[PDB]
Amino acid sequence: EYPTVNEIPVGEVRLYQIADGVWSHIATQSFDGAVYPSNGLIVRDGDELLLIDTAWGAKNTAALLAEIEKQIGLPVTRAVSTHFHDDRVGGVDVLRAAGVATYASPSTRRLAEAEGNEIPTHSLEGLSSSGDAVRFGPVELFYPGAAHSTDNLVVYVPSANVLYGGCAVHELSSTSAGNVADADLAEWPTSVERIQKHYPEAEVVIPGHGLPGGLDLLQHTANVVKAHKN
């Protein structure tokens, strides 16, 4: 029942319950003339919500806030963007205007600035070295090393054993490494192996685009990246 790309018009946002106090958000957006689905995460933080990633653009992110208000009814107080591309930061200005404090690593903020993308307000120190982990409310943020991008972070929800891989992790049906313009194909399998080693108890793995599954998404991603390489 997870929503697919052809089931969500561009501009609409769906929420999907992953575990108690954990949802994914699903949106669609047009990029270089093709439409893609994209996931983010919502994690309950007492009587507040932590958001992971925007819904890929200003209009989608406004729709995301409206869907959260309707379905959950708890305020989003903080957001983390997991890398500098528009499917993660596009909509940060909408969040910042709505009273959401926006965060990203200094690596993500520098790359977003250089690219002309929206820039989260606050900088997340303690994530500059591969294998670094920091606590942020109900989640752990982990920097696995360069993969889809040099700044990509992954997010673990310890209470639910949910691993949100962002664009460093591909869905099982994926046949390509996607947009590799900013990727490190050689380090990506090593970065996946660091994720596998650090989160062996993950029950749900959510990719940046497409269907959640289990731990197999990690190995599949290393395989996809190898097939792209040659």
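Sequential numbering from 1, following the sequence displayed. Only the largest set of C-alpha atoms that superpose within 1.5 Å between the two forms is called the rigid core.
Larger root-mean-square CA separation from the shown form, computed after a rigid core fit of the structures in 9 other deposited structures of this protein, is seen for 176-184 when 199-207 is set against 176-184. Of the two stretches examined, 9-17 and 209-217, the one with higher mean CA deviation in 9 other deposited structures of this protein after a rigid core fit is 9-17. Mean CA B-factor, 197-205 versus 54-62: the higher value falls on 197-205. Higher average CA B factor: 92-100, of the stretches 92-100 and 108-116.
Note on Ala186, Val43, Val35, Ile26: the highest value goes to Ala186, judged by CA B factor as recorded.
Out of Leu124, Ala160, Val154, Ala79, it is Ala160 whose C-alpha atom has the highest B-factor in the PDB entry. Per the PDB record, residue ranking by Cα B-factor puts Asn39 in the lowest third of the chain. Per the deposited record, the Cα B-factor of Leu74 falls in the highest third when ranked against the other modelled residues of its chain.
Among the modelled residues of its chain, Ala177 has a C-alpha B-factor that falls in the highest third according to the deposited record. Ranked by C-alpha B-factor against the other modelled residues of its chain, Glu171 falls in the lowest third.
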